[PDB]
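Dumped run20.txt below, it's compact mmCIF, C-alpha atoms:
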# COMPACT_ATOMS: atom_id res chain seq x y z
CA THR A 1 0.00 0.00 0.00
CA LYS A 2 1.23 3.56 -0.78
CA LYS A 3 1.80 6.02 2.05
CA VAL A 4 2.04 9.87 1.96
CA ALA A 5 4.26 12.00 4.33
CA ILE A 6 2.49 15.26 5.32
CA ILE A 7 4.83 17.88 6.78
CA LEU A 8 2.98 20.06 9.23
CA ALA A 9 3.62 22.84 11.77
CA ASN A 10 1.13 25.08 13.58
CA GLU A 11 -1.18 27.44 11.66
CA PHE A 12 -1.61 25.30 8.61
CA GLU A 13 -4.65 26.07 6.47
CA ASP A 14 -6.98 23.47 7.98
CA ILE A 15 -8.74 22.42 4.76
CA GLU A 16 -5.43 22.17 2.87
CA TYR A 17 -4.62 19.41 5.31
CA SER A 18 -7.99 17.66 5.71
CA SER A 19 -9.17 17.75 2.08
CA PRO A 20 -6.11 16.19 0.42
CA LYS A 21 -5.84 13.71 3.32
CA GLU A 22 -9.42 12.61 2.73
CA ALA A 23 -8.93 12.40 -1.07
CA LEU A 24 -5.79 10.28 -0.66
CA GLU A 25 -7.40 7.98 1.94
CA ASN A 26 -10.54 7.68 -0.20
CA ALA A 27 -8.33 6.44 -3.07
CA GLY A 28 -6.84 3.82 -0.73
CA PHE A 29 -3.57 5.56 0.25
CA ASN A 30 -2.42 6.05 3.84
CA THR A 31 -1.08 9.36 5.27
CA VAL A 32 1.43 10.09 8.06
CA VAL A 33 1.97 13.50 9.72
CA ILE A 34 5.69 14.44 10.09
CA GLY A 35 6.43 17.38 12.44
CA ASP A 36 8.82 18.48 15.15
CA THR A 37 7.89 15.90 17.79
CA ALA A 38 6.01 12.60 17.52
CA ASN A 39 2.78 12.69 19.52
CA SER A 40 2.75 16.49 19.81
CA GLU A 41 -0.33 18.33 18.55
CA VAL A 42 -0.27 21.01 15.84
CA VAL A 43 -3.25 23.33 15.46
CA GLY A 44 -4.60 24.78 12.21
CA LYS A 45 -5.26 28.46 11.56
CA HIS A 46 -8.92 27.65 12.20
CA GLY A 47 -8.44 25.33 15.14
CA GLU A 48 -8.23 21.83 13.64
CA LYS A 49 -6.10 19.69 15.95
CA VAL A 50 -3.72 17.18 14.40
CA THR A 51 -1.43 14.74 16.18
CA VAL A 52 2.04 14.37 14.77
CA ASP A 53 2.83 10.73 13.93
CA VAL A 54 6.59 10.84 13.30
CA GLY A 55 9.26 13.32 14.42
CA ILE A 56 11.31 14.98 11.63
CA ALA A 57 14.50 13.68 13.27
CA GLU A 58 13.34 10.06 12.94
CA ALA A 59 11.52 10.24 9.62
CA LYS A 60 12.97 8.20 6.75
CA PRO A 61 11.90 9.84 3.50
CA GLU A 62 12.38 6.60 1.54
CA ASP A 63 9.49 5.13 3.54
CA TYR A 64 7.01 7.36 1.73
CA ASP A 65 5.59 7.25 -1.79
CA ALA A 66 4.74 10.94 -1.82
CA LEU A 67 5.14 14.15 0.10
CA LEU A 68 2.27 16.55 0.81
CA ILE A 69 2.84 20.15 1.98
CA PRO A 70 -0.31 22.01 3.12
CA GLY A 71 -0.23 25.82 3.07
CA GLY A 72 -1.27 28.56 5.44
CA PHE A 73 1.61 29.65 7.69
CA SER A 74 2.76 26.06 8.39
CA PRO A 75 5.43 26.19 5.69
CA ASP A 76 6.84 29.45 7.05
CA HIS A 77 7.12 27.80 10.50
CA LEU A 78 8.81 24.72 9.05
CA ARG A 79 11.40 27.02 7.42
CA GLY A 80 12.20 28.33 10.90
CA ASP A 81 13.85 24.99 11.78
CA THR A 82 17.40 25.96 12.76
CA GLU A 83 18.84 22.87 11.00
CA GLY A 84 16.65 23.27 7.90
CA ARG A 85 15.42 19.69 8.35
CA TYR A 86 12.16 20.03 6.40
CA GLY A 87 13.92 21.41 3.31
CA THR A 88 16.33 18.49 3.54
CA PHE A 89 13.44 16.06 3.91
CA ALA A 90 11.65 17.59 0.87
CA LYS A 91 14.91 17.37 -1.09
CA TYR A 92 14.75 13.56 -1.09
CA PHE A 93 11.49 13.87 -3.04
CA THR A 94 12.67 16.55 -5.49
CA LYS A 95 16.05 14.87 -6.06
CA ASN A 96 14.54 11.42 -6.73
CA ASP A 97 11.45 12.48 -8.69
CA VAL A 98 9.03 11.19 -6.06
CA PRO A 99 5.45 12.62 -6.26
CA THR A 100 5.50 15.94 -4.41
CA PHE A 101 2.24 17.80 -3.73
CA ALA A 102 2.24 21.40 -2.47
CA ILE A 103 -0.63 23.87 -2.23
CA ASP A 104 -0.86 27.58 -1.45
CA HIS A 105 2.24 28.44 0.69
CA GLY A 106 3.34 24.82 0.57
CA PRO A 107 5.76 25.44 -2.32
CA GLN A 108 7.82 27.68 -0.01
CA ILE A 109 9.41 24.48 1.41
CA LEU A 110 10.37 23.44 -2.11
CA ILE A 111 12.51 26.58 -2.44
CA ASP A 112 14.72 25.07 0.30
CA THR A 113 15.57 22.01 -1.84
CA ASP A 114 17.52 24.15 -4.32
CA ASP A 115 15.89 21.93 -6.96
CA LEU A 116 13.44 24.35 -8.58
CA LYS A 117 15.57 25.75 -11.42
CA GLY A 118 13.64 25.18 -14.63
CA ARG A 119 10.69 23.55 -12.88
CA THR A 120 7.16 24.75 -13.56
CA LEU A 121 5.02 25.50 -10.49
CA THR A 122 2.17 27.60 -9.25
CA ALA A 123 1.42 28.77 -5.71
CA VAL A 124 -0.47 31.38 -3.76
CA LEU A 125 0.17 34.84 -5.22
CA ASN A 126 1.98 35.86 -1.99
CA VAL A 127 4.98 33.64 -2.68
CA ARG A 128 5.17 33.46 -6.48
CA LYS A 129 8.00 36.02 -6.66
CA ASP A 130 10.11 33.94 -4.28
CA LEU A 131 9.49 30.86 -6.42
CA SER A 132 10.59 32.82 -9.49
CA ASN A 133 13.68 34.01 -7.59
CA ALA A 134 14.44 30.36 -6.86
CA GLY A 135 14.52 29.77 -10.61
CA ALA A 136 11.09 28.25 -11.20
CA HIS A 137 8.86 28.98 -14.17
CA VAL A 138 5.89 30.27 -12.28
CA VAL A 139 2.39 30.26 -13.68
CA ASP A 140 -1.05 31.16 -12.35
CA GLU A 141 -3.22 28.04 -12.78
CA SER A 142 -5.55 26.11 -10.49
CA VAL A 143 -3.27 23.07 -10.71
CA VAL A 144 0.14 22.55 -12.36
CA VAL A 145 1.75 19.17 -12.95
CA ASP A 146 5.47 19.11 -13.79
CA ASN A 147 6.34 15.40 -13.93
CA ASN A 148 6.21 14.56 -10.18
CA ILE A 149 5.51 18.01 -8.74
CA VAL A 150 1.84 18.98 -8.35
CA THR A 151 1.05 22.51 -7.19
CA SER A 152 -2.09 24.59 -6.54
CA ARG A 153 -2.73 28.11 -5.19
CA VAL A 154 -5.69 28.27 -2.80
CA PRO A 155 -8.43 26.24 -1.16
CA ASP A 156 -10.72 26.85 -4.18
CA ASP A 157 -8.26 24.79 -6.20
CA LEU A 158 -8.69 21.67 -4.07
CA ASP A 159 -10.87 19.74 -6.51
CA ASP A 160 -8.20 20.06 -9.19
CA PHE A 161 -5.35 19.46 -6.75
CA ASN A 162 -6.95 16.36 -5.22
CA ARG A 163 -7.67 14.77 -8.61
CA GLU A 164 -4.07 15.26 -9.76
CA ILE A 165 -2.39 14.08 -6.57
CA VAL A 166 -4.35 10.84 -6.57
CA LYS A 167 -3.54 10.24 -10.26
CA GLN A 168 0.14 10.77 -9.53
CA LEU A 169 0.13 8.04 -6.91
CA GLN A 170 -1.84 5.61 -9.07
CA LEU A 171 1.35 5.47 -11.10
CA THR B 1 7.40 67.26 9.77
CA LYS B 2 9.17 63.96 9.01
CA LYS B 3 6.49 61.31 8.41
CA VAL B 4 7.03 57.54 8.43
CA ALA B 5 4.68 55.35 6.39
CA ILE B 6 3.94 52.07 8.23
CA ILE B 7 2.50 49.45 5.89
CA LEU B 8 0.32 47.11 7.90
CA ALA B 9 -2.11 44.22 7.53
CA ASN B 10 -3.70 41.87 10.03
CA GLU B 11 -1.47 39.53 12.12
CA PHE B 12 1.50 41.88 12.38
CA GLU B 13 3.78 41.15 15.34
CA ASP B 14 2.31 43.57 17.86
CA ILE B 15 5.58 44.85 19.41
CA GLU B 16 7.22 45.22 16.00
CA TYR B 17 4.55 47.82 15.32
CA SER B 18 4.31 49.51 18.70
CA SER B 19 7.97 49.68 19.74
CA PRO B 20 9.40 51.27 16.58
CA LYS B 21 6.31 53.53 16.40
CA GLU B 22 7.03 54.76 19.89
CA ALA B 23 10.77 55.25 19.28
CA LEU B 24 10.05 57.29 16.14
CA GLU B 25 7.42 59.36 17.92
CA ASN B 26 9.63 59.94 20.95
CA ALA B 27 12.30 61.29 18.62
CA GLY B 28 9.77 63.76 17.18
CA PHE B 29 8.66 61.97 14.01
CA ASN B 30 5.08 61.30 12.93
CA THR B 31 3.77 57.91 11.80
CA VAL B 32 1.01 57.15 9.32
CA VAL B 33 -0.52 53.65 8.90
CA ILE B 34 -1.02 52.59 5.29
CA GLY B 35 -3.40 49.68 4.70
CA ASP B 36 -6.14 48.31 2.44
CA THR B 37 -8.84 50.76 3.56
CA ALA B 38 -8.65 54.15 5.31
CA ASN B 39 -10.12 54.14 8.80
CA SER B 40 -10.47 50.37 9.05
CA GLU B 41 -8.95 48.37 11.93
CA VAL B 42 -6.17 45.79 11.62
CA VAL B 43 -5.39 43.43 14.49
CA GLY B 44 -2.00 42.09 15.54
CA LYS B 45 -1.28 38.43 16.07
CA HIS B 46 -1.51 39.09 19.79
CA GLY B 47 -4.62 41.24 19.65
CA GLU B 48 -3.38 44.85 19.42
CA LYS B 49 -5.85 46.99 17.42
CA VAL B 50 -4.53 49.62 14.93
CA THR B 51 -6.47 52.05 12.76
CA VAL B 52 -5.43 52.48 9.15
CA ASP B 53 -4.82 56.13 8.30
CA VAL B 54 -4.45 56.11 4.55
CA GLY B 55 -5.69 53.56 1.99
CA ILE B 56 -3.06 52.00 -0.25
CA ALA B 57 -5.15 53.11 -3.25
CA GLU B 58 -4.80 56.79 -2.20
CA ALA B 59 -1.32 56.72 -0.71
CA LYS B 60 1.58 58.43 -2.48
CA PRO B 61 5.00 57.25 -1.38
CA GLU B 62 6.58 60.66 -2.17
CA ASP B 63 4.56 62.02 0.75
CA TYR B 64 6.72 60.16 3.26
CA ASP B 65 10.25 60.42 4.60
CA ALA B 66 10.66 56.72 5.52
CA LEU B 67 8.92 53.34 5.24
CA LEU B 68 8.53 50.97 8.23
CA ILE B 69 7.48 47.34 7.71
CA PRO B 70 6.62 45.44 10.91
CA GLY B 71 6.83 41.63 10.75
CA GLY B 72 4.75 38.69 11.89
CA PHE B 73 2.44 37.62 9.10
CA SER B 74 1.52 41.19 8.08
CA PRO B 75 4.08 41.27 5.25
CA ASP B 76 2.65 38.02 3.91
CA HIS B 77 -0.84 39.47 3.72
CA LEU B 78 0.43 42.63 2.03
CA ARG B 79 2.17 40.50 -0.63
CA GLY B 80 -1.22 38.94 -1.30
CA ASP B 81 -2.55 42.23 -2.66
CA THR B 82 -3.94 41.39 -6.07
CA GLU B 83 -2.35 44.39 -7.78
CA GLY B 84 0.89 44.19 -5.76
CA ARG B 85 0.35 47.72 -4.51
CA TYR B 86 2.51 47.37 -1.36
CA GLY B 87 5.51 46.21 -3.38
CA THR B 88 4.89 49.11 -5.74
CA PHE B 89 4.73 51.46 -2.79
CA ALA B 90 8.07 50.09 -1.48
CA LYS B 91 9.74 50.50 -4.88
CA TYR B 92 9.65 54.29 -4.40
CA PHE B 93 11.74 53.99 -1.24
CA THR B 94 14.28 51.54 -2.61
CA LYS B 95 14.67 53.34 -5.99
CA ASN B 96 15.08 56.76 -4.39
CA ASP B 97 17.21 55.58 -1.49
CA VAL B 98 14.76 56.81 1.15
CA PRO B 99 15.15 55.42 4.72
CA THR B 100 13.52 51.96 4.72
CA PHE B 101 13.10 49.96 7.93
CA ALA B 102 12.03 46.28 7.99
CA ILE B 103 12.09 43.80 10.86
CA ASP B 104 11.56 40.04 11.13
CA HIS B 105 9.36 39.07 8.13
CA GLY B 106 9.17 42.69 7.01
CA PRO B 107 11.98 42.40 4.46
CA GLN B 108 9.71 40.03 2.46
CA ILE B 109 8.01 43.13 1.03
CA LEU B 110 11.40 44.42 -0.09
CA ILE B 111 11.81 41.33 -2.23
CA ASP B 112 8.94 42.64 -4.32
CA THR B 113 10.90 45.80 -5.26
CA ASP B 114 13.43 43.77 -7.24
CA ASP B 115 16.01 46.21 -5.78
CA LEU B 116 17.83 43.82 -3.39
CA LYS B 117 20.64 42.70 -5.63
CA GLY B 118 23.92 43.46 -3.90
CA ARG B 119 22.26 45.00 -0.81
CA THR B 120 23.14 43.69 2.66
CA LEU B 121 20.44 42.85 5.13
CA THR B 122 19.18 40.52 7.81
CA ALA B 123 15.76 39.13 8.61
CA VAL B 124 14.09 36.32 10.53
CA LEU B 125 15.72 32.95 9.68
CA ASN B 126 12.50 31.79 8.02
CA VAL B 127 12.86 34.21 5.07
CA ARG B 128 16.65 34.50 4.62
CA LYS B 129 16.83 32.02 1.77
CA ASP B 130 14.29 34.06 -0.20
CA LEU B 131 16.32 37.26 0.37
CA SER B 132 19.47 35.49 -0.85
CA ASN B 133 17.60 34.27 -3.93
CA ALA B 134 16.57 37.89 -4.53
CA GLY B 135 20.28 38.75 -4.74
CA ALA B 136 20.82 40.24 -1.25
CA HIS B 137 23.89 39.52 0.89
CA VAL B 138 22.16 38.07 3.93
CA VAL B 139 23.80 38.10 7.33
CA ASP B 140 22.67 37.15 10.86
CA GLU B 141 23.01 40.24 13.08
CA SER B 142 20.73 42.07 15.48
CA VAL B 143 20.66 45.13 13.18
CA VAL B 144 22.14 45.73 9.69
CA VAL B 145 22.44 49.19 8.11
CA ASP B 146 23.03 49.36 4.34
CA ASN B 147 22.87 53.09 3.49
CA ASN B 148 19.11 53.72 3.75
CA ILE B 149 17.96 50.14 4.54
CA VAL B 150 17.80 49.11 8.21
CA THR B 151 16.85 45.49 9.00
CA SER B 152 16.57 43.28 12.13
CA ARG B 153 15.40 39.70 12.87
CA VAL B 154 13.18 39.34 15.95
CA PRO B 155 11.59 41.43 18.74
CA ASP B 156 14.69 40.95 20.91
CA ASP B 157 16.57 43.09 18.36
CA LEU B 158 14.23 46.07 18.84
CA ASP B 159 16.59 48.19 20.95
CA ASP B 160 19.19 47.96 18.16
CA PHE B 161 16.58 48.39 15.38
CA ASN B 162 15.02 51.44 17.07
CA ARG B 163 18.39 53.17 17.62
CA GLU B 164 19.25 52.79 13.93
CA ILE B 165 15.91 53.85 12.47
CA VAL B 166 15.81 57.04 14.53
CA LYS B 167 19.45 57.74 13.57
CA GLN B 168 18.49 57.52 9.87
CA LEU B 169 15.81 60.18 10.23
CA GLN B 170 17.93 62.56 12.24
CA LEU B 171 20.43 62.46 9.35

Could you render the structure as structure tokens?
Amino acid sequence: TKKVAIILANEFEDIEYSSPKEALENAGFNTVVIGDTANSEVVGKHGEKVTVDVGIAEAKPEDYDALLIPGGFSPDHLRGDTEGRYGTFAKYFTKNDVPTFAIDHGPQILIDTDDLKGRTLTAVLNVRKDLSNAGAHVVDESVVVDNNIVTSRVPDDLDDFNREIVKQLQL
Amino acid sequence: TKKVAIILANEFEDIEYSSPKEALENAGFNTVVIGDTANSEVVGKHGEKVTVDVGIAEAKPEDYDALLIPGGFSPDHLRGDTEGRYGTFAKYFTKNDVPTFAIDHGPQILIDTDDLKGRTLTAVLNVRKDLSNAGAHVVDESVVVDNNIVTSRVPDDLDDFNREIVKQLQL
């Protein structure tokens, strides 16, 4: 069975967690929350409470068949890690062409892989300039699929996002 | 006289608004809050309420002698402006070498000027990579002064930040 790593800090956009999680699980895939401390709780911008399954220090990226990065301010928090561990984690996925799903602010973590040069991505308007500064070809579409990397901008994009991420994993 | 434009959205870091505002006003300078709509109220991430003085649609950067950008998630919201009007507002200050003060996440708005290449600044760890990708020389110091641009990282830097921003205006 295929299993998706979801990297999560506080103040994630609740629905950008719950909606892709439900779409993946409905397609038969499992999901695992990776955050600072196993068994700690992170809380969405709108109060959703999620328990972290696996600590970032223990997580083995090769265990997972895809990476999901919900938006809101969770990505910004993750990029506060003094050792940059979430960028390093994401880099396994970008370096090995493993399905990598990132919505809204989620693509901010992909900047930290240094692997975006010549990749085609969208994201929330707020961060598009930083994606372009990281060398991405940035567009403004509801979903963008560049081989393994699937990106979307906002919660209104979820239908399109969800349908692409599940297709990616079916391969 | 001397008037400092403070660009502000919801979820600013309260003290990064109030402490520089108070230093500037102690030293005899006026502050004007620039936001989406004149006379509306924005609320800090710890609850502080601020009235917007001047709407970004009306505001003319030439009218001001400095720009102050408090951090928290305010800069992120401002960068979400559909027409990019807060970046455009900042461009006046960076092009014309007017005193420009940004703390914590505040330098994220300076990215949108496209004027950071070769400039030296600091910011909160979370956004340094994006400043480097924008061509800035990023360092980790409590306050950095590059001609007109004064930056700092976190609220603990505020004594150093405040000293430098007031020194700019006296000069």

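Nearest to residue 110 (chain B) of all the residues A:95, A:49, A:129, A:21 is A:129, based on all atoms listed in the file.
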
- Message: Here's a test: counting all atoms listed in the file, identify every protein, DNA and RNA residue with an atom at most 10 Å from (3.6, 13.0, 20.5) in the file's coordinate frame, and state them as a ChimeraX atom specification.
- Response: /A:35-41,51-55

Any chance you can output those residues with C-alpha atoms as a JSON list (two decimals), in the frame of the given file?
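What follows is the written file out-v8.json:
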[["chain", "number", "residue", "atom", "x", "y", "z"],
["A", 35, "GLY", "CA", 6.43, 17.38, 12.44],
["A", 36, "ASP", "CA", 8.82, 18.48, 15.15],
["A", 37, "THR", "CA", 7.89, 15.90, 17.79],
["A", 38, "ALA", "CA", 6.01, 12.60, 17.52],
["A", 39, "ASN", "CA", 2.78, 12.69, 19.52],
["A", 40, "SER", "CA", 2.75, 16.49, 19.81],
["A", 41, "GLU", "CA", -0.33, 18.33, 18.55],
["A", 51, "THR", "CA", -1.43, 14.74, 16.18],
["A", 52, "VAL", "CA", 2.04, 14.37, 14.77],
["A", 53, "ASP", "CA", 2.83, 10.73, 13.93],
["A", 54, "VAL", "CA", 6.59, 10.84, 13.30],
["A", 55, "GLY", "CA", 9.26, 13.32, 14.42]]

Same-sequence superposition of chain B onto chain A, all C-alpha, as a compact mmCIF listing (two decimals) with C-alpha atoms, in the frame of the given file:
# COMPACT_ATOMS: atom_id res chain seq x y z
CA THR B 1 0.84 0.27 1.05
CA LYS B 2 1.49 3.67 -0.56
CA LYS B 3 2.22 6.17 2.23
CA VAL B 4 2.15 9.96 1.92
CA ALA B 5 4.30 12.03 4.28
CA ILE B 6 2.48 15.25 5.31
CA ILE B 7 4.88 17.80 6.78
CA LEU B 8 2.97 19.99 9.19
CA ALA B 9 3.45 22.74 11.76
CA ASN B 10 1.02 24.97 13.61
CA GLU B 11 -1.19 27.42 11.63
CA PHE B 12 -1.59 25.24 8.55
CA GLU B 13 -4.67 26.08 6.47
CA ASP B 14 -7.10 23.56 7.92
CA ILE B 15 -8.81 22.46 4.66
CA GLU B 16 -5.48 22.21 2.83
CA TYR B 17 -4.65 19.47 5.31
CA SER B 18 -8.01 17.74 5.62
CA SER B 19 -9.23 17.77 2.02
CA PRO B 20 -6.14 16.29 0.34
CA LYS B 21 -5.79 13.86 3.28
CA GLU B 22 -9.31 12.64 2.66
CA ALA B 23 -8.89 12.38 -1.12
CA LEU B 24 -5.71 10.32 -0.69
CA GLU B 25 -7.34 8.09 1.91
CA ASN B 26 -10.47 7.62 -0.18
CA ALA B 27 -8.28 6.44 -3.04
CA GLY B 28 -6.70 3.84 -0.73
CA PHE B 29 -3.48 5.59 0.32
CA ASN B 30 -2.22 6.06 3.87
CA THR B 31 -1.05 9.38 5.32
CA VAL B 32 1.57 10.00 7.99
CA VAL B 33 2.05 13.40 9.69
CA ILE B 34 5.68 14.46 10.07
CA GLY B 35 6.37 17.23 12.58
CA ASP B 36 8.76 18.46 15.28
CA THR B 37 7.80 15.85 17.89
CA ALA B 38 6.06 12.46 17.59
CA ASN B 39 2.65 12.36 19.23
CA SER B 40 2.40 16.10 19.81
CA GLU B 41 -0.57 18.16 18.56
CA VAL B 42 -0.42 20.90 15.93
CA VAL B 43 -3.33 23.28 15.43
CA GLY B 44 -4.56 24.80 12.18
CA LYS B 45 -5.15 28.50 11.71
CA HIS B 46 -8.85 27.79 12.09
CA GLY B 47 -8.54 25.47 15.06
CA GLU B 48 -8.35 21.94 13.60
CA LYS B 49 -6.22 19.67 15.83
CA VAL B 50 -3.79 17.15 14.24
CA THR B 51 -1.51 14.62 15.92
CA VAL B 52 2.05 14.29 14.67
CA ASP B 53 2.88 10.68 13.81
CA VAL B 54 6.61 10.76 13.25
CA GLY B 55 9.22 13.25 14.50
CA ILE B 56 11.31 14.98 11.86
CA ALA B 57 14.42 13.77 13.72
CA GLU B 58 13.37 10.11 13.21
CA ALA B 59 11.70 10.37 9.82
CA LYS B 60 13.33 8.85 6.74
CA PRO B 61 12.05 10.21 3.46
CA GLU B 62 12.78 6.91 1.64
CA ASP B 63 9.97 5.41 3.73
CA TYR B 64 7.34 7.37 1.81
CA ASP B 65 5.82 7.31 -1.66
CA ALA B 66 4.87 11.02 -1.80
CA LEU B 67 5.22 14.29 0.11
CA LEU B 68 2.24 16.61 0.79
CA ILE B 69 2.79 20.18 2.03
CA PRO B 70 -0.37 22.00 3.16
CA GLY B 71 -0.24 25.81 3.16
CA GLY B 72 -1.29 28.62 5.47
CA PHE B 73 1.61 29.58 7.69
CA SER B 74 2.70 25.97 8.35
CA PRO B 75 5.39 26.06 5.64
CA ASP B 76 6.79 29.23 7.19
CA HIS B 77 7.17 27.58 10.58
CA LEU B 78 8.80 24.52 9.04
CA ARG B 79 11.36 26.77 7.29
CA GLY B 80 12.20 28.13 10.73
CA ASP B 81 13.64 24.78 11.79
CA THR B 82 17.11 25.57 13.05
CA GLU B 83 18.75 22.68 11.21
CA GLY B 84 16.57 23.05 8.09
CA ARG B 85 15.37 19.48 8.49
CA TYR B 86 12.11 19.93 6.52
CA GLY B 87 13.96 21.28 3.49
CA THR B 88 16.37 18.37 3.82
CA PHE B 89 13.44 15.99 3.99
CA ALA B 90 11.95 17.54 0.81
CA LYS B 91 15.27 17.26 -1.05
CA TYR B 92 14.81 13.46 -1.16
CA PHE B 93 11.55 13.86 -3.07
CA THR B 94 12.77 16.46 -5.53
CA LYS B 95 16.14 14.72 -6.19
CA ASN B 96 14.53 11.31 -6.72
CA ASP B 97 11.52 12.59 -8.63
CA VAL B 98 9.02 11.20 -6.12
CA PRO B 99 5.43 12.58 -6.24
CA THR B 100 5.49 15.94 -4.42
CA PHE B 101 2.30 17.89 -3.72
CA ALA B 102 2.27 21.50 -2.43
CA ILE B 103 -0.61 23.95 -2.20
CA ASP B 104 -0.87 27.67 -1.44
CA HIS B 105 2.23 28.54 0.66
CA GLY B 106 3.38 24.92 0.58
CA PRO B 107 5.78 25.40 -2.34
CA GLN B 108 7.88 27.65 -0.04
CA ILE B 109 9.42 24.46 1.40
CA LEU B 110 10.37 23.38 -2.11
CA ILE B 111 12.47 26.51 -2.45
CA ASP B 112 14.71 25.05 0.23
CA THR B 113 15.56 22.02 -1.96
CA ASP B 114 17.40 24.21 -4.46
CA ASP B 115 15.82 21.91 -7.10
CA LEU B 116 13.33 24.38 -8.65
CA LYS B 117 15.41 25.68 -11.51
CA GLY B 118 13.52 25.10 -14.73
CA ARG B 119 10.53 23.44 -13.01
CA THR B 120 7.01 24.77 -13.63
CA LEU B 121 4.68 25.43 -10.76
CA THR B 122 2.06 27.66 -9.24
CA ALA B 123 1.43 28.85 -5.70
CA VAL B 124 -0.42 31.54 -3.78
CA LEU B 125 0.33 35.00 -5.25
CA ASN B 126 2.14 35.99 -2.06
CA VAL B 127 5.08 33.62 -2.71
CA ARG B 128 5.34 33.55 -6.52
CA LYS B 129 8.16 36.06 -6.71
CA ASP B 130 10.27 33.89 -4.39
CA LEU B 131 9.62 30.81 -6.57
CA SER B 132 10.66 32.77 -9.67
CA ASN B 133 13.83 33.91 -7.90
CA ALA B 134 14.50 30.24 -7.11
CA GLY B 135 14.52 29.60 -10.87
CA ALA B 136 11.02 28.11 -11.32
CA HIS B 137 8.72 28.99 -14.23
CA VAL B 138 5.76 30.31 -12.26
CA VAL B 139 2.28 30.35 -13.72
CA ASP B 140 -1.19 31.20 -12.36
CA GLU B 141 -3.41 28.12 -12.77
CA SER B 142 -5.68 26.14 -10.48
CA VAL B 143 -3.36 23.10 -10.71
CA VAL B 144 0.05 22.62 -12.39
CA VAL B 145 1.63 19.19 -12.98
CA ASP B 146 5.37 19.09 -13.77
CA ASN B 147 6.24 15.36 -13.87
CA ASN B 148 6.18 14.51 -10.14
CA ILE B 149 5.43 18.02 -8.75
CA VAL B 150 1.77 19.00 -8.34
CA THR B 151 1.01 22.56 -7.14
CA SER B 152 -2.11 24.72 -6.57
CA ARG B 153 -2.81 28.22 -5.16
CA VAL B 154 -5.77 28.43 -2.77
CA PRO B 155 -8.46 26.23 -1.16
CA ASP B 156 -10.79 26.87 -4.11
CA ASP B 157 -8.33 24.86 -6.24
CA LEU B 158 -8.68 21.75 -4.06
CA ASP B 159 -10.89 19.75 -6.43
CA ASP B 160 -8.24 20.15 -9.15
CA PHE B 161 -5.33 19.59 -6.72
CA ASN B 162 -6.92 16.44 -5.25
CA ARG B 163 -7.64 14.91 -8.68
CA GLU B 164 -4.00 15.37 -9.71
CA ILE B 165 -2.36 14.13 -6.51
CA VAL B 166 -4.40 10.92 -6.50
CA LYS B 167 -3.62 10.44 -10.21
CA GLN B 168 0.12 10.64 -9.43
CA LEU B 169 -0.09 7.82 -6.90
CA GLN B 170 -2.19 5.55 -9.05
CA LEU B 171 0.57 5.82 -11.68

- Task: List every protein, DNA or RNA residue that has an atom no more than 10 Å from (14.1, 17.9, 6.4) in the file's coordinate frame, counting all atoms listed in the file, and report them as a PyMOL selection string.
- Result: chain A and resi 7+34-35+56-57+59-61+78-79+81+83-92+109+112-113

- Tell me the residues of chain B close to chain A, meaning within 6 Å using all atoms listed in the file, as a PyMOL selection string. chain B and resi 79-80+125-126+130+133-134

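Distances from A:23, A:66, A:116, A:6 to residue 160 (chain A) were compared using only C-alpha atoms, and the smallest one belongs to A:23.
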
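Shortest atom-to-atom contact with residue 103 (chain A) among A:32, A:13, A:65, A:168: A:13, counting only C-alpha atoms.
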
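We find CA of residue 28 (chain A) and CA of residue 164 (chain A) to be spaced 14.8 Å apart.
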
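Computed from the coordinates, the CA of residue 121 (chain B) to CA of residue 167 (chain B) distance equals 17.1 Å.
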
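The residue that comes closest to residue 155 (chain A), out of A:99, A:70, A:107, A:44 and on the basis of all atoms listed in the file, is A:70.
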
- Item | Minimum-distance residue to residue 115 (chain A), chosen among A:143, A:69, A:136, A:24 (using all atoms listed in the file) | A:136

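Picture a line from CA of residue 17 (chain B) to CA of residue 148 (chain B); it runs 19.5 Å.
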
- Out of A:27, A:12, A:151, A:156, which residue has the shortest atom-to-atom distance to residue 170 (chain A) when counting only C-alpha atoms? A:27

How big is the axis-aligned box around the listed atoms of region 158-167 of chain B once 8 Å is added on each side, and where is its centre? Give both in Å to one decimal, as lines of an AutoDock Vina configuration file.
center_x = 16.8
center_y = 51.9
center_z = 16.7
size_x = 21.2
size_y = 27.7
size_z = 24.5
